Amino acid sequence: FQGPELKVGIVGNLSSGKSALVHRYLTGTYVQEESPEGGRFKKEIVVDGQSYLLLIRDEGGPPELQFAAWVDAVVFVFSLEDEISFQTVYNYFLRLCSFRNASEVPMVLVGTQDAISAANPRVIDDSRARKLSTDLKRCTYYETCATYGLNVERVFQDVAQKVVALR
């Protein structure tokens, strides 16, 4: 008996860091190897003194009909060191909007720090990340770093809370 199901989709390209993000969230460990096929998971959570079963779906490509209809909320992911992943979030958001009313779907935007290094620095300015957030129906933006857990738990709690509020 784990509580009501909440449906959370994870959307972004293969350079985004989304497999690592979900894996840190579920296990507390950093595994870098990303999953081309994505992955479906579940995790018990507490939001406002009540238990919920969070259903996580990383579908592994652009949103399609079935995914777009299933989500309660979407976590969009790009890498702070990859322009293509950044542009892909916007495209993938537009494809969601083909199937769903965005105003009915809480969203969070995540810029991952994971792959940044001295020789491979950040490419995406915070101002541009924020402008992208306002295109995504003014959703909340977080930087994360799954190497050590920075904002990982905060991101999923945030979207869990947004979903129960709307119920």
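Numbering starts at 1 and runs along the sequence shown.
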Practice task
Report the stretch with the higher mean CA temperature factor, choosing between 113-121 and 32-40 on the basis of the entry.
Solution key: 32-40
Practice task
Would you tell me which stretch averages the higher CA B-factor in the PDB entry, 4-12 or 157-165?
Solution key: 157-165
Practice task
Place residue 54 in the lowest, middle or highest third of its chain's C-alpha B-factors, as listed in the PDB entry.
Solution key: lowest
Fill in the blank from the handout: Chain-relative C-alpha B factor for residue 136 (record values, thirds): the highest
Exercise for the section: Sorting the chain's modelled residues by C-alpha B-factor, tell me whether residue 69 ends up in the lowest, middle or highest third. Expected result: lowest
Exercise for the section: Please rank the C-alpha B-factors of the chain's modelled residues and tell me whether residue 108 sits in the lowest, middle or highest third. Expected result: lowest
